[PDB]
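A single chain, nothing else alongside it, follows as structure tokens in the form deposited in one PDB entry.
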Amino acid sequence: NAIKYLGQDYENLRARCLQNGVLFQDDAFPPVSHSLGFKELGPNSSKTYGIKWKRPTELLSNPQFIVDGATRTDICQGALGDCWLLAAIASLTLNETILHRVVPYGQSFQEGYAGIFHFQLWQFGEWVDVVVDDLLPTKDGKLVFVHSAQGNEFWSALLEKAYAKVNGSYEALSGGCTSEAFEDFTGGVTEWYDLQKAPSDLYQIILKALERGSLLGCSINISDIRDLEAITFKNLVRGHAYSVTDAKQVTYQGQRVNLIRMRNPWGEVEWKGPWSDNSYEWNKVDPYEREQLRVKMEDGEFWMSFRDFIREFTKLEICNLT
């Protein structure tokens, strides 16, 4: 059983707000500018100025915590450089058991709702329960930071807020490493791989990691500053954490080709090379494999050949649990 961050007690807080006819306002991470940030998001800044804190129950008549499951399409990055965190959360959803440890069951905007939610994280060398109120940064009635592809779904916005809380502010989350969020959700062991010096069995390692629910992300180093744009000629984003979400093998003109699937935590903007959604390659696999694996949809998620992956990306991170 998780210990309470700062001694804040989810169930006692929720019950007492319900008894006293109020919704929770979190003294530890309150709905003010200092919870946004200190410089790029400080009181005196252009980003800060239009932001208003609103509850999902003030935005919409029927907000839902989880809609059609907690899945990686619910992770669409907003105007914060927390790609590393969101790639980790998207990966987290592929392992149901670890997912529902971080995101406890039973939380809702209906029965028993009192403006408070809770999540569990590996922090300070402990499993910790972190509460948040549901006041969220919004602009023109829309979430400014992470949101789901379902506009009425809130669990992922609330998780990102809890993760900001432990680090001090949303701005504190700008720039990071995927392995750090992997740890904070698992307490497990991170390893990284230099894709330019990949071992010969690297596809096997990936397949076995995916089989056992380990979390995998990848990224392209910006090796000359930002000197070709962030976006490459083949539509890949440099210095940007991607989630690795599958590895599967296809028969391409009678030969097996090893494929790998990743998702941009933007929820949009995809590889436009071979095995991309509209690439010709899919014309030349057998119909069944094609219809099991290809999804023509701008969802941020796409296939590469493993050969292309290891040429295009520079780093892979794997967090293995027990």
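Residue positions are given as counts along the sequence shown, with the first one as 1. Basically, rigid core = biggest C-alpha set you can superpose within 1.5 Å across the two forms.
In what follows, reference is made to the form deposited in another entry, a form of this protein that is not presented.
Of the candidates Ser223, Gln196, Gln204, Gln110, the Cα that moves 2 angstroms or more after core superposition between the shown form and the other one belongs to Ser223 alone. When two forms of a protein are overlaid on their rigid core, residues whose CA moves 2 Å or more are considered shifted, and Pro43 is one of them between the shown form and the other one. Wider separation of the C-alpha atoms of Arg226 and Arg311, by 3 angstroms or more, is seen in that other deposited form than in the present form. Relative to the shown form, the CA atoms of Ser174 and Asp227 are brought 3 Å or more closer together in that other deposited form.
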